[PDB]
Trainee: 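Got a structure here, written out as structure tokens. Questions coming.
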Amino acid sequence: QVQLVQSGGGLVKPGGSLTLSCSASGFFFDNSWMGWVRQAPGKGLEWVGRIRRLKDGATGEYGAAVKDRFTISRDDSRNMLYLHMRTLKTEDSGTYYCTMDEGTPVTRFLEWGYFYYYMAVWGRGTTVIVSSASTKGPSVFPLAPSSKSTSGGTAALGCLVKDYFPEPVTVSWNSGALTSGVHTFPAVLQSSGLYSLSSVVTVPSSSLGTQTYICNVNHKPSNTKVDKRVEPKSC
Amino acid sequence: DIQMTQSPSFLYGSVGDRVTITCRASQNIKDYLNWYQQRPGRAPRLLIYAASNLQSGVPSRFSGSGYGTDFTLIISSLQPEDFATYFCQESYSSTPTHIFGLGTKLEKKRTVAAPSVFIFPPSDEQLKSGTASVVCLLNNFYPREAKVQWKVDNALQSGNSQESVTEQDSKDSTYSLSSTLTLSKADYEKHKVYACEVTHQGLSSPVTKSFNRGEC
Amino acid sequence: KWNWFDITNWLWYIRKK
């Protein structure tokens, strides 16, 4: 099967540079056009560019957002495809997929010489994070249950996991004993460059008097663990 | 510039359903259009090229049609592995700012459910550090579309909040949403009433949850 | 080496005489 093993990536500062690598096997690499597509976190696909065969002139063509700062190169002797990036910006963060591309000639006479082009096989992707942030563990604040977080006979409570970098954090409740009704939200990137997320749970109001609720937060990158007990508050 | 507009953003279906995804090009691109599928946690894969041609290995329930500006992807008998995100892609020109549509996420269908709404004031520990986060929670609602508006002493807030939404729940097919309003301690202590106003199809009118710092 | 792009180029050459 076509295999496109991707490597490189990781964290880089804004204004920095990076080369991503794609190792191809399972097809005649030299006779194939190849390309790159990217995807910002939670967003859609964006075309980065493509490169033709050496016998075609090895021409690179680039998407509008990257043309000034990116170069695609190929090394047919090693079945390697590269994406060279410079002057990186925070909005260059995301997943970068290498692609084995194919085409079909258009057979309508007036369009002889044009082709249908498509990205036929995609690699698993490489993550790039462009950020000025330093590693930092979270602060953990309570989302305290009150008269303003009731619904029917239930109450909501939680923890706000704020100002950490990089991803990820993990959150459990009561050391994993409490899973029903838990919602742990995707992290959001704040204007500061630090992440934040909330984890909430709904419980019977009758349990607030007798049951303890502790959110267990682990941030491996900073080797930080926090246990936050969440108590009711008058509101 | 060629602009591709894909609709709907979220499509709701049940296994066995026929569902339709549409893509409209801002100018005539004939049949230079591809469709891709991105399944959860996996890289995209090609489904259709040149508007109607199935890629090898693609099941028969997928079809594409259209020529000019209006294109459709149809899944005739929805399977669990088809709950995924679908992208159209114009292949007419390499110069547009965005050659892909923004995507259609195919979600599981269920009955409308209004959100339960909860609000949380900032903690004293956070305030001591100089910041105030106010959190509004919308729990276990369907469909995903929802609007949250923050008001502080009846002033509409904009630009100082962020939202996050869970993936569809595996057991009840609902969503939850958190909206966090962030202010400085100084700003938080110069206003009294903090309110989250929620609009959703399951609500006959918008619902407000609010608190007053005098009692909170 | 022969592929779809070669065919495309030949078809261009034919349309232009």
Side-chain angles (χ1 to χ4, degrees), chain A residues 27-28 30-37 45-64 67 72 99-122, chain B residues 1-6 21-37 44-58 62-74 86-101, chain C residues 2-12 14-16:
Chain A
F27 62 100
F28 194 6
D30 307 3
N31 198 33
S32 194
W33 295 30
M34 306 283 299
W36 294 88
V37 172
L45 304 176
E46 299 286 349
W47 182 65
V48 172
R50 70 186 175 194
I51 186 162
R52 316 181 171 201
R53 303 170 300 179
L54 301 198
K55 69 172 285 185
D56 305 323
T59 311
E61 305 166 73
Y62 300 96
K67 184 190 271 74
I72 296 164
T99 63
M100 178 205 175
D101 297 349
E102 292 171 16
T104 295
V106 182
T107 60
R108 292 186 295 267
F109 168 74
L110 294 172
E111 288 159 78
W112 284 5
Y114 299 91
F115 50 88
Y116 307 111
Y117 195 80
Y118 34 96
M119 284 76 86
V121 180
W122 298 53
Chain B
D1 202 350
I2 298 175
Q3 171 197 26
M4 305 302 303
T5 299
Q6 196 174 337
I21 298 165
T22 60
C23 183
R24 189 155 76 172
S26 61
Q27 61 183 258
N28 194 308
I29 59 166
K30 296 176 179 164
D31 51 358
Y32 297 83
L33 184 123
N34 309 314
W35 291 95
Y36 299 92
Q37 175 196 61
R45 73 149 171 175
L46 175 68
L47 288 181
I48 302 287
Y49 64 95
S52 62
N53 299 98
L54 271 67
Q55 178 69 329
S56 62
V58 176
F62 292 93
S63 61
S65 62
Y67 187 95
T69 60
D70 298 331
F71 304 87
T72 64
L73 178 69
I74 293 165
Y86 297 82
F87 299 94
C88 61
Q89 181 243 312
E90 66 85 19
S91 65
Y92 196 90
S93 174
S94 66
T95 60
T97 305
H98 304 280
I99 79 170
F100 293 89
Chain C
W2 162 82
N3 80 353
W4 58 268
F5 187 59
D6 296 306
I7 299 171
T8 303
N9 287 339
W10 301 335
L11 289 177
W12 172 267
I14 293 169
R15 181 158 63 89
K16 313 298 260 191

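To find a chain, count down the sequence lines: A is the first, B the second, and so on, and within it residues start at 1. Hydrogens, waters and symmetry mates are skipped; everything else that's a heavy atom, side chains included, is used.
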Trainee: Looking at side-chain heavy atoms only, is the closest gap between B:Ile48 and B:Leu54 below 4.5 Å?
Mentor: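 B:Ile48 reaches B:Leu54 side chain to side chain.
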Trainee: Working to the nearest 0.5 Å, report the span between CZ of A:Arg50 and OG1 of A:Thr99.
Mentor: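 Rounded to the nearest 0.5 Å, the CZ-OG1 separation comes to 10.5 Å.
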Trainee: Would you call the rings of A:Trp122 and B:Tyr36 parallel, tilted or perpendicular if under 30° counts as parallel and over 60° as perpendicular?
Mentor: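 Rings of A:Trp122 and B:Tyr36: perpendicular, over 60°.
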Trainee: B:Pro96 and A:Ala64: which non-hydrogen atoms are nearest, and at how many Å?
Mentor: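 Minimum heavy-atom contact is O-CB, 4.1 Å.
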Trainee: Could you check whether A:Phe115 and A:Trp33 have their ring centres less than 6.0 Å apart?
Mentor: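 Under 6.0 Å, so yes.
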Trainee: With ring centroids as reference points, do B:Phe71 and B:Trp35 lie under 6.0 angstrom apart?
Mentor: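 Ring centres of B:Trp35 and B:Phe71 not closer than 6.0 Å.
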Trainee: Please set out all donor-acceptor pairs under 3.5 angstrom arising from side-chain atoms of residues 21-28 of chain B, sequence neighbours excluded.
Mentor:
unit_1  : atom_1 : unit_2  : atom_2 : d
B:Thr22 : OG1    : B:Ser7  : O      : 3.0
B:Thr22 : OG1    : B:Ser7  : OG     : 2.5
B:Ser26 : OG     : B:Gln3  : N      : 2.9
B:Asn28 : OD1    : B:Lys30 : N      : 2.9

Trainee: Within the 4.5 Å heavy-atom criterion, are A:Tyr116 and C:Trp4 side-chain neighbours or not?
Mentor: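 A side-chain contact is absent here, since even the closest heavy-atom pair is not under 4.5 Å.
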Trainee: So do B:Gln37 and B:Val58 actually touch side chain to side chain, heavy atoms under 4.5 Å?
Mentor: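 No; the side chains remain at least 4.5 Å from each other.
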Trainee: Check the orientation of B:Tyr86 and B:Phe62. Use parallel for under 30°, tilted for 30 to 60°, and perpendicular for over 60°.
Mentor: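 The rings of B:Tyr86 and B:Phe62 sit tilted, inter-plane angle from 30° to 60°.
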Trainee: If you measure from CG on C:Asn9 to CG on C:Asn3, what distance do you get to the nearest 0.5 Å?
Mentor: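 C:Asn9 CG to C:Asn3 CG: 9.0 Å, rounded to 0.5 Å.
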Trainee: OH/B:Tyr92 to CD1/B:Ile29 distance, rounded to the nearest 0.5 angstrom?
Mentor: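 One finds 9.0 Å between OH of B:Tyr92 and CD1 of B:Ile29.
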Trainee: Grab the two heavy atoms, one from A:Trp112 and one from C:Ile14, that are nearest each other, plus how far apart they are.
Mentor: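 Heavy atoms of A:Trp112 and C:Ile14 come nearest at CZ3-CG2, 3.7 Å.
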Trainee: Of all the heavy-atom pairs spanning B:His98 and A:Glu46, show the shortest one and how long it is.
Mentor: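 Reported closest heavy-atom pair: ND1-OE2, 2.8 Å.
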Trainee: Could you tell me the separation between the CE atom of A:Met34 and the CD1 atom of A:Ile51, rounded to the nearest 0.5 Å?
Mentor: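 One gets 10.0 Å once the value is rounded to the nearest 0.5 Å.
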Trainee: What heavy-atom pair brings B:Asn34 and B:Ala50 nearest, and what distance separates the two atoms?
Mentor: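 Taking every non-hydrogen atom into account, OD1-N, 3.3 Å.
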Trainee: Inspect the surroundings of OH in A:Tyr114 and state if more than 12 heavy atoms from other residues, nucleotides or ligands are less than 6.0 Å away.
Mentor: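 Incorrect, the count does not exceed 12.
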Trainee: Let me confirm one number: the CG-OG distance from B:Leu47 to B:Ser63, rounded to the nearest 0.5 Å.
Mentor: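 Answer rounded to 0.5 Å: 11.0 Å.
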Trainee: I need the minimum non-hydrogen distance between B:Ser52 and B:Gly64, along with the two atoms involved.
Mentor: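 Smallest heavy-atom distance, with atoms named: CB-O, 3.2 Å.
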Trainee: Taking the side chain as everything from C-beta on, heavy atoms only, tell me whether A:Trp47 gets closer than 4.5 Å to B:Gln89.
Mentor: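 A:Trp47 does not reach B:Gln89 side chain to side chain.
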Trainee: If we only count heavy atoms from C-beta on, is the C:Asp6 to A:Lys55 side-chain gap below 4.5 Å?
Mentor: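 Of all side-chain heavy-atom pairs linking A:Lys55 with C:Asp6, at least one is under 4.5 Å.
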Trainee: Does the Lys NZ or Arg CZ of A:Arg53 fall within the cation-pi geometry relative to C:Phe5 - under 6.0 Å from the ring centre and within 45° of the axis?
Mentor: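 Verdict for C:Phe5: no cation-pi partner in A:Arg53.
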Trainee: Starting at CG of B:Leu33, measure out to SG of B:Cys88 and round the result to the nearest 0.5 Å.
Mentor: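 With rounding to 0.5 Å, CG (B:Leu33) is 5.5 Å from SG (B:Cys88).
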Trainee: Taking side chain as C-beta onward, heavy atoms only, is C:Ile7 less than 4.5 Å from C:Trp2?
Mentor: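 Counting from C-beta outward, C:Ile7 and C:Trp2 do come under 4.5 Å.
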Trainee: Can you tell if the side chain of A:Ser32 reaches within under 4.5 Å of the side chain of A:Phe27, non-hydrogen atoms only?
Mentor: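 SC-SC contact between A:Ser32 and A:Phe27 confirmed.
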Trainee: A:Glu102 and B:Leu46: side-chain contact (heavy atoms from CB on, under 4.5 Å), yes or no, with the steps?
Mentor: CA-CA 11 Å; A:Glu102 292 171 16; B:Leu46 175 68; over 6 Å; no
Trainee: Measure across A:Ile72 and A:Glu61 and return the closest heavy-atom pair with its distance rounded to 0.1 Å.
Mentor: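 Taking every non-hydrogen atom into account, CD1-O, 4.5 Å.
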Trainee: Heavy-atom distance under 4.5 Å between the side chains of A:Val37 and A:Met119, does that happen here?
Mentor: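 The answer is yes, as the side chains (C-beta and beyond) meet within the 4.5 Å cut-off.
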Trainee: Using a distance-only test with no angle check, is there a side-chain donor-acceptor pair under 3.5 angstrom linking B:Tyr49 and B:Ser91?
Mentor: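 No, no side-chain donor-acceptor contact under 3.5 Å.
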